[PDB]
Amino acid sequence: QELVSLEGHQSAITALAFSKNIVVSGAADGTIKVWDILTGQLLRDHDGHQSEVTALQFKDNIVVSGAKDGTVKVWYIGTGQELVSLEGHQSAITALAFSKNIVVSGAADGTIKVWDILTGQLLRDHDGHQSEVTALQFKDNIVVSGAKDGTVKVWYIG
């Protein structure tokens, strides 16, 4: 049944993203791999993160990846090169959402940050839930987030 053969990682798969004919996979050792789904070949080994990558988003040749060390990176699928620099969080990334040119990230300390992928500038910043963000949904300038304390919050982004 297997369409192609992928080598996988030397550690647990923690994040997955799929756009056009390219698969991006992240693992608990910080590694990120880019695969061609038409041939099964490994396109490139990304620089990865210094920590387990916890979230991936992949849209229009642009990948956003987050790690347990709080880093959020925005890079070009074709080269793995960083397009822009984000400050990230001082806590592990627990949720990522990517819609239009906006990245929303959630962290274990409850903070939620809104980034512009064009410039990397922090558009919106707050402490959010003050409880680990467990789920993020971002659609049509509306962010819906959930936390470990049971709260569900809705933010308009504009």
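In this text, residue numbers run from 1 along the sequence as written.
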{"query": "Mean Cα B-factor comparison, 59-67 or 30-38, giving the higher one as deposited", "finding": "30-38"}
{"query": "Which of 139-147 and 10-18 has higher mean CA B factor, as the PDB entry lists it", "finding": "139-147"}
{"query": "Modelled-residue ranking by C-alpha temperature factor, third containing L122", "finding": "highest"}
{"query": "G128 - Cα temperature factor, lowest/middle/highest third of chain", "finding": "highest"}
{"query": "Third of chain Cα B-factors occupied by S105", "finding": "lowest"}
{"query": "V53 by Cα B-factor - lowest, middle or highest third of the modelled chain", "finding": "highest"}
{"query": "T94 - Cα temperature factor, lowest/middle/highest third of chain", "finding": "lowest"}
